[PDB]
């Protein structure tokens, strides 16, 4: 009769323990869930680094190429600077001989002219000669294409990994 009530009392006690078992288990799951979140982020942060480091490498080759192009630009515009120099001289010197020859025929009838005149006939001049210079187009093309040949091979790697 009253055995039933006392069984219930004891059961109550066991229940209390089951509840905690459940509460431990619930906390346990919430914690395995965080661990999982941590390990994910970890691996994302890891793969994020690769790409950063990839970008550093691309950024070098880009700069290193750019410079190679600019070095050529500079190479060539230097040659022209040297040609410019040479041409200005040619101009001013020819200018001087014009000025000489002209002011010589100022005084055509002095006896001294026939002497000065024949001297100036020996002083001949000639046009200015731009030599052929240009940007090395094979070198540049070579690069431009070649950086494409990278893009495409980077594309094809992103292929097989993904």
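Positions refer to the first chain, counted from 1.
Peer 1: Averaged over C-alpha atoms, is the B-factor higher for 148 to 156 or for 12 to 20 in this PDB entry?
Peer 2: Averaged over C-alpha atoms, the B-factors run higher in 148 to 156.
Peer 1: Which wins on mean Cα temperature factor, 29 to 37 or 104 to 112?
Peer 2: Mean CA B-factor is higher for 104 to 112.
Peer 1: According to the Cα B-factor stored in this entry, which of the following is highest: 98, 43, 137, 67?
Peer 2: Checking the PDB record, the top C-alpha B-factor among 98, 43, 137, 67 is at 137.
Peer 1: Consider only the C-alpha atoms of the modelled residues in this chain, order them by B-factor as the entry records it, and name the third containing residue 117: lowest, middle or highest.
Peer 2: Highest third.
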